[PDB]
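K.L.:
I am sharing start-v1.txt, which consists of compact mmCIF, N, CA and C atoms:
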# COMPACT_ATOMS: atom_id res chain seq x y z
N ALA A 111 31.73 104.88 23.43
CA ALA A 111 31.99 104.35 22.09
C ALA A 111 33.49 104.27 21.79
N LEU A 112 34.20 105.37 22.06
CA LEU A 112 35.65 105.38 21.90
C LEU A 112 36.31 104.26 22.69
N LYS A 113 35.89 104.06 23.94
CA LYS A 113 36.54 103.05 24.76
C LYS A 113 36.18 101.63 24.31
N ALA A 114 34.97 101.41 23.79
CA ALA A 114 34.64 100.10 23.26
C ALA A 114 35.56 99.72 22.11
N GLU A 115 35.87 100.68 21.23
CA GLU A 115 36.81 100.32 20.18
C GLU A 115 38.23 100.11 20.71
N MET A 116 38.66 100.89 21.71
CA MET A 116 39.96 100.63 22.33
C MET A 116 40.05 99.21 22.89
N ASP A 117 38.99 98.75 23.56
CA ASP A 117 39.02 97.40 24.12
C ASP A 117 39.10 96.33 23.04
N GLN A 118 38.36 96.50 21.94
CA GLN A 118 38.49 95.52 20.87
C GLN A 118 39.91 95.48 20.29
N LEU A 119 40.56 96.64 20.17
CA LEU A 119 41.93 96.65 19.66
C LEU A 119 42.90 95.98 20.63
N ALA A 120 42.71 96.17 21.93
CA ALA A 120 43.57 95.50 22.90
C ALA A 120 43.36 93.98 22.88
N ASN A 121 42.12 93.54 22.66
CA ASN A 121 41.86 92.12 22.50
C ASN A 121 42.57 91.54 21.28
N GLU A 122 42.59 92.27 20.17
CA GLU A 122 43.31 91.76 19.01
C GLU A 122 44.83 91.76 19.20
N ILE A 123 45.37 92.74 19.93
CA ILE A 123 46.79 92.69 20.27
C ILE A 123 47.10 91.44 21.09
N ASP A 124 46.25 91.12 22.07
CA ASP A 124 46.47 89.90 22.85
C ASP A 124 46.35 88.64 22.00
N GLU A 125 45.38 88.61 21.08
CA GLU A 125 45.22 87.44 20.23
C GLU A 125 46.45 87.20 19.36
N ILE A 126 46.97 88.26 18.72
CA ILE A 126 48.20 88.10 17.95
C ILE A 126 49.33 87.63 18.85
N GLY A 127 49.37 88.11 20.09
CA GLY A 127 50.42 87.68 21.00
C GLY A 127 50.38 86.20 21.31
N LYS A 128 49.19 85.64 21.48
CA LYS A 128 49.11 84.22 21.85
C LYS A 128 48.99 83.28 20.65
N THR A 129 48.75 83.79 19.45
CA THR A 129 48.38 82.92 18.34
C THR A 129 49.56 82.62 17.41
N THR A 130 50.53 83.53 17.31
CA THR A 130 51.62 83.38 16.36
C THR A 130 52.46 82.14 16.64
N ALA A 131 52.71 81.35 15.60
CA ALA A 131 53.36 80.06 15.77
C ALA A 131 54.21 79.72 14.55
N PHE A 132 55.14 78.79 14.75
CA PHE A 132 55.86 78.11 13.68
C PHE A 132 55.39 76.66 13.71
N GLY A 133 54.38 76.36 12.91
CA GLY A 133 53.75 75.06 12.99
C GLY A 133 52.90 74.97 14.24
N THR A 134 53.47 74.41 15.30
CA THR A 134 52.76 74.29 16.57
C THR A 134 53.50 74.92 17.75
N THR A 135 54.69 75.48 17.56
CA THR A 135 55.42 76.10 18.66
C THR A 135 55.14 77.59 18.68
N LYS A 136 54.81 78.12 19.85
CA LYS A 136 54.48 79.53 19.98
C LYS A 136 55.74 80.38 20.00
N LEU A 137 55.65 81.58 19.43
CA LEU A 137 56.81 82.45 19.29
C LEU A 137 56.74 83.70 20.17
N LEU A 138 55.57 84.30 20.35
CA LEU A 138 55.48 85.55 21.09
C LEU A 138 54.90 85.39 22.49
N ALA A 139 54.96 84.20 23.07
CA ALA A 139 54.34 83.97 24.37
C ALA A 139 55.36 83.88 25.50
N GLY A 140 56.65 83.84 25.20
CA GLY A 140 57.68 83.75 26.20
C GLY A 140 58.55 82.51 26.12
N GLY A 141 58.38 81.65 25.12
CA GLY A 141 59.20 80.46 25.01
C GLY A 141 60.59 80.71 24.46
N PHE A 142 60.81 81.85 23.81
CA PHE A 142 62.12 82.25 23.32
C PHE A 142 62.72 83.38 24.14
N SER A 143 62.17 83.66 25.32
CA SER A 143 62.65 84.78 26.13
C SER A 143 64.11 84.59 26.52
N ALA A 144 64.48 83.39 26.92
CA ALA A 144 65.87 82.96 26.86
C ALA A 144 66.06 82.21 25.56
N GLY A 145 66.95 82.71 24.70
CA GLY A 145 66.95 82.30 23.32
C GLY A 145 67.23 80.82 23.13
N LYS A 146 66.99 80.36 21.91
CA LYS A 146 67.34 79.02 21.46
C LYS A 146 68.53 79.08 20.53
N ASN A 147 69.36 78.04 20.55
CA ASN A 147 70.55 77.99 19.71
C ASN A 147 70.31 77.17 18.46
N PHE A 148 70.88 77.64 17.36
CA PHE A 148 70.93 76.92 16.09
C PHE A 148 72.40 76.72 15.76
N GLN A 149 72.83 75.48 15.57
CA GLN A 149 74.22 75.23 15.21
C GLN A 149 74.39 75.50 13.72
N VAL A 150 75.12 76.56 13.38
CA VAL A 150 75.26 76.99 12.00
C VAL A 150 76.58 76.57 11.38
N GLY A 151 77.40 75.80 12.09
CA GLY A 151 78.65 75.31 11.57
C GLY A 151 78.76 73.80 11.69
N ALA A 152 79.95 73.30 11.37
CA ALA A 152 80.20 71.87 11.39
C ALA A 152 80.68 71.37 12.74
N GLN A 153 81.22 72.24 13.58
CA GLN A 153 81.78 71.84 14.87
C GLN A 153 80.91 72.34 16.01
N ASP A 154 81.08 71.70 17.16
CA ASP A 154 80.30 72.04 18.34
C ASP A 154 80.67 73.41 18.88
N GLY A 155 79.66 74.19 19.23
CA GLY A 155 79.85 75.51 19.77
C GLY A 155 79.74 76.63 18.77
N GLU A 156 79.67 76.32 17.48
CA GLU A 156 79.53 77.31 16.42
C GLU A 156 78.05 77.49 16.14
N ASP A 157 77.44 78.45 16.83
CA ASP A 157 76.00 78.57 16.83
C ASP A 157 75.55 79.99 17.16
N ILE A 158 74.29 80.28 16.81
CA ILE A 158 73.70 81.60 16.93
C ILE A 158 72.43 81.48 17.76
N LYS A 159 72.16 82.48 18.59
CA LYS A 159 71.04 82.45 19.52
C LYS A 159 69.96 83.43 19.08
N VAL A 160 68.72 82.95 19.03
CA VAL A 160 67.57 83.76 18.62
C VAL A 160 66.68 84.00 19.83
N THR A 161 66.47 85.26 20.18
CA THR A 161 65.77 85.66 21.39
C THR A 161 64.54 86.48 21.02
N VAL A 162 63.38 86.09 21.55
CA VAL A 162 62.14 86.84 21.38
C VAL A 162 61.45 86.90 22.74
N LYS A 163 61.06 88.08 23.16
CA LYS A 163 60.34 88.24 24.41
C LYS A 163 58.83 88.25 24.16
N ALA A 164 58.07 88.11 25.23
CA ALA A 164 56.62 88.07 25.11
C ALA A 164 56.07 89.46 24.82
N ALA B 219 47.22 87.01 6.39
CA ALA B 219 47.88 86.99 5.09
C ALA B 219 49.39 87.08 5.22
N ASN B 220 49.88 88.00 6.06
CA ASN B 220 51.32 88.06 6.34
C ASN B 220 51.86 86.71 6.79
N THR B 221 51.22 86.11 7.79
CA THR B 221 51.76 84.89 8.37
C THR B 221 51.73 83.74 7.37
N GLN B 222 50.69 83.67 6.54
CA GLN B 222 50.63 82.65 5.51
C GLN B 222 51.81 82.76 4.55
N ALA B 223 52.12 83.98 4.10
CA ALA B 223 53.29 84.14 3.23
C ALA B 223 54.58 83.67 3.89
N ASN B 224 54.82 84.09 5.14
CA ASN B 224 56.07 83.71 5.80
C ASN B 224 56.16 82.21 6.06
N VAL B 225 55.04 81.57 6.41
CA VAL B 225 55.07 80.13 6.69
C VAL B 225 55.23 79.32 5.41
N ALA B 226 54.65 79.77 4.30
CA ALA B 226 54.85 79.08 3.04
C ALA B 226 56.30 79.18 2.58
N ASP B 227 56.92 80.35 2.77
CA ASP B 227 58.37 80.47 2.57
C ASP B 227 59.15 79.46 3.40
N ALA B 228 58.83 79.38 4.70
CA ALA B 228 59.51 78.44 5.59
C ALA B 228 59.38 77.00 5.11
N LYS B 229 58.17 76.60 4.68
CA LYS B 229 57.96 75.23 4.22
C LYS B 229 58.70 74.96 2.92
N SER B 230 58.72 75.94 2.02
CA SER B 230 59.44 75.77 0.76
C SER B 230 60.92 75.54 1.00
N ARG B 231 61.50 76.21 2.00
CA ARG B 231 62.91 75.98 2.31
C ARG B 231 63.19 74.53 2.69
N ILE B 232 62.19 73.79 3.16
CA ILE B 232 62.40 72.42 3.62
C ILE B 232 62.03 71.40 2.56
N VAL B 233 60.95 71.61 1.82
CA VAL B 233 60.35 70.54 1.01
C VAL B 233 60.80 70.60 -0.45
N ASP B 234 60.96 71.79 -1.02
CA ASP B 234 61.15 71.92 -2.46
C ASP B 234 62.58 71.61 -2.88
N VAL B 235 62.74 71.26 -4.15
CA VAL B 235 64.03 70.89 -4.70
C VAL B 235 64.72 72.13 -5.26
N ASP B 236 66.05 72.06 -5.34
CA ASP B 236 66.88 73.08 -5.95
C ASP B 236 67.27 72.60 -7.35
N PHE B 237 66.83 73.33 -8.37
CA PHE B 237 67.09 72.89 -9.74
C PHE B 237 68.55 73.05 -10.12
N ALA B 238 69.19 74.14 -9.67
CA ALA B 238 70.58 74.40 -10.01
C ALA B 238 71.50 73.30 -9.51
N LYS B 239 71.19 72.73 -8.34
CA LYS B 239 72.02 71.67 -7.77
C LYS B 239 71.67 70.32 -8.37
N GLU B 240 70.38 70.09 -8.62
CA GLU B 240 69.93 68.75 -8.97
C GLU B 240 70.26 68.44 -10.43
N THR B 241 70.23 69.45 -11.30
CA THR B 241 70.65 69.24 -12.68
C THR B 241 72.14 68.91 -12.77
N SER B 242 72.95 69.53 -11.92
CA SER B 242 74.37 69.23 -11.89
C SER B 242 74.62 67.79 -11.46
N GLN B 243 73.93 67.35 -10.40
CA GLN B 243 74.06 65.95 -10.00
C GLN B 243 73.63 65.00 -11.10
N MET B 244 72.56 65.34 -11.82
CA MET B 244 72.10 64.48 -12.90
C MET B 244 73.16 64.32 -13.98
N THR B 245 73.76 65.43 -14.41
CA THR B 245 74.77 65.36 -15.46
C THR B 245 76.00 64.57 -15.01
N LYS B 246 76.42 64.75 -13.76
CA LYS B 246 77.54 63.97 -13.25
C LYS B 246 77.25 62.47 -13.32
N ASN B 247 76.05 62.05 -12.90
CA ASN B 247 75.76 60.62 -12.92
C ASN B 247 75.60 60.08 -14.33
N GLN B 248 75.13 60.90 -15.27
CA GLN B 248 75.11 60.50 -16.67
C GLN B 248 76.51 60.15 -17.17
N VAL B 249 77.47 61.05 -16.96
CA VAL B 249 78.83 60.78 -17.42
C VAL B 249 79.40 59.54 -16.74
N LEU B 250 79.14 59.38 -15.43
CA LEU B 250 79.66 58.20 -14.75
C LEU B 250 79.04 56.92 -15.29
N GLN B 251 77.77 56.96 -15.69
CA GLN B 251 77.17 55.78 -16.29
C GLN B 251 77.87 55.39 -17.58
N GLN B 252 78.14 56.36 -18.45
CA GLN B 252 78.82 56.03 -19.70
C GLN B 252 80.23 55.48 -19.45
N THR B 253 80.96 56.08 -18.51
CA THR B 253 82.30 55.59 -18.20
C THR B 253 82.27 54.18 -17.61
N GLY B 254 81.34 53.92 -16.69
CA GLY B 254 81.27 52.60 -16.08
C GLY B 254 80.84 51.53 -17.06
N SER B 255 79.94 51.87 -17.98
CA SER B 255 79.58 50.94 -19.04
C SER B 255 80.78 50.57 -19.89
N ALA B 256 81.54 51.58 -20.35
CA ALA B 256 82.74 51.30 -21.13
C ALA B 256 83.72 50.42 -20.35
N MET B 257 83.89 50.70 -19.06
CA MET B 257 84.90 49.99 -18.28
C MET B 257 84.48 48.55 -18.03
N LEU B 258 83.18 48.30 -17.82
CA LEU B 258 82.71 46.93 -17.64
C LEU B 258 82.80 46.13 -18.94
N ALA B 259 82.48 46.77 -20.07
CA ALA B 259 82.62 46.08 -21.35
C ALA B 259 84.08 45.72 -21.62
N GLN B 260 85.01 46.58 -21.22
CA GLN B 260 86.42 46.25 -21.37
C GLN B 260 86.87 45.21 -20.36
N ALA B 261 86.21 45.15 -19.20
CA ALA B 261 86.60 44.19 -18.17
C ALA B 261 86.18 42.77 -18.52
N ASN B 262 85.05 42.60 -19.21
CA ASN B 262 84.63 41.25 -19.59
C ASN B 262 85.51 40.59 -20.65
N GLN B 263 86.54 41.25 -21.16
CA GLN B 263 87.42 40.64 -22.15
C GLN B 263 88.75 40.16 -21.58
N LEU B 264 88.89 40.08 -20.26
CA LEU B 264 90.17 39.68 -19.68
C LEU B 264 90.48 38.19 -19.78
N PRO B 265 89.53 37.25 -19.70
CA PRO B 265 89.89 35.83 -19.81
C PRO B 265 90.42 35.41 -21.18
N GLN B 266 90.60 36.33 -22.12
CA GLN B 266 91.06 35.94 -23.45
C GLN B 266 92.58 35.91 -23.57
N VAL B 267 93.32 36.19 -22.50
CA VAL B 267 94.77 36.03 -22.55
C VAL B 267 95.13 34.55 -22.54
N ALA B 268 94.27 33.73 -21.93
CA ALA B 268 94.52 32.30 -21.87
C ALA B 268 94.54 31.67 -23.26
N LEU B 269 93.65 32.11 -24.14
CA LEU B 269 93.65 31.61 -25.51
C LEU B 269 94.97 31.92 -26.21
N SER B 270 95.59 33.06 -25.88
CA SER B 270 96.91 33.36 -26.41
C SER B 270 97.95 32.41 -25.86
N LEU B 271 97.92 32.14 -24.55
CA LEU B 271 98.88 31.18 -24.00
C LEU B 271 98.62 29.77 -24.50
N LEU B 272 97.40 29.50 -24.96
CA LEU B 272 97.00 28.14 -25.28
C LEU B 272 97.24 27.82 -26.75
Let me see the structure of the file written as structure tokens.

P.N.:
Amino acid sequence: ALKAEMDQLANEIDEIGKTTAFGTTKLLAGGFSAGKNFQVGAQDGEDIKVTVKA
Amino acid sequence: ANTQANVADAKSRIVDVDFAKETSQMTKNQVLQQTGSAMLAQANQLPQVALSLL
């Protein structure tokens, strides 16, 4: 009984891992493992990198 | 529930209007309308120098 509940909790951890999105792009699956840049200034090269691992 | 709150915040940042900025733009264009009306009404009276020369 204890282990059956452990398995259900691990399944929900996996579901949250694969389901989280910004619209249609996945966030916790490994697509941001090497970060993405957002240009936060007016000139080229003035930008910040956002990194999320799986 | 958590994700719905965060995604609605994200969408609001893109779609909704800023009242503090938009009211300022409205007042600026109001004043410019009154000034341009006055200036056009004064501009339509320029061909009357000829009557003086005539």

K.L.:
With a distance threshold of 10 Å and counting only C-alpha atoms, extract the residues of chain B near chain A and express them as a list in words.

P.N.:
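Every residue meeting the condition is included here: residues 221, 224, 225, 228 and 229 of chain B.
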
K.L.:
With N, CA and C atoms retained, write the just-selected residues as a tab-separated table (two decimals), keeping the file's coordinate frame.

P.N.:
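Contents of selection11.tsv, freshly written:
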chain	number	residue	atom	x	y	z
B	221	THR	N	51.22	86.11	7.79
B	221	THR	CA	51.76	84.89	8.37
B	221	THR	C	51.73	83.74	7.37
B	224	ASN	N	54.82	84.09	5.14
B	224	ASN	CA	56.07	83.71	5.80
B	224	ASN	C	56.16	82.21	6.06
B	225	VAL	N	55.04	81.57	6.41
B	225	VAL	CA	55.07	80.13	6.69
B	225	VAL	C	55.23	79.32	5.41
B	228	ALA	N	58.83	79.38	4.70
B	228	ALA	CA	59.51	78.44	5.59
B	228	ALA	C	59.38	77.00	5.11
B	229	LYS	N	58.17	76.60	4.68
B	229	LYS	CA	57.96	75.23	4.22
B	229	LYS	C	58.70	74.96	2.92

K.L.:
Find, counting all atoms listed in the file, the residue in A:160, A:111, A:126, A:119 that gets nearest to residue 138 of chain A.

P.N.:
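So, comparing all the options, the nearest one is A:126.
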
K.L.:
Just the number, please: distance in Å from atom CA of residue 125 of chain A to atom CA of residue 139 of chain A, one decimal.

P.N.:
10.6 Å

K.L.:
Return as a ChimeraX atom specification the full set of residues in segment 113-155 of chain A whose backbone-based DSSP assignment is helix (DSSP H, G or I).

P.N.:
/A:113-129

K.L.:
Given the choices A:159, A:152, A:118, A:127, which gets closest to residue 140 of chain A if the distance is worked out from all atoms listed in the file?

P.N.:
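Result for the nearest residue to residue 140 of chain A: A:127.
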
K.L.:
Go ahead and fit an axis-aligned box to every listed atom of segment 145-160 of chain A plus 4 Å each side, and pass me the centre and edge lengths in Å, one decimal, as lines of an AutoDock Vina configuration file.

P.N.:
center_x = 74.2
center_y = 77.7
center_z = 18.0
size_x = 23.1
size_y = 20.6
size_z = 21.3

K.L.:
Work out how far apart atom CA of residue 146 of chain A and atom C of residue 134 of chain A are and give it in Å to one decimal.

P.N.:
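Pair atom CA of residue 146 of chain A / atom C of residue 134 of chain A returns 14.9 Å.
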
K.L.:
Go ahead and compute the interatomic distance for atom N of residue 238 of chain B and atom CA of residue 251 of chain B, in Å to one decimal.

P.N.:
21.1 Å

K.L.:
If you run DSSP on the backbone here, which positions in chain A get strand (DSSP E)? Please write them as JSON, numbers by chain.

P.N.:
{"A": [131, 132, 135, 136, 146, 147, 148, 149, 157, 158, 159, 160]}

K.L.:
Write out as a ChimeraX atom specification each polymer residue whose atoms come within 10 Å of residue 141 of chain A, counting only C-alpha atoms; drop sequence neighbours fewer than 4 positions from it.

P.N.:
/A:135-137,145-146,161-164
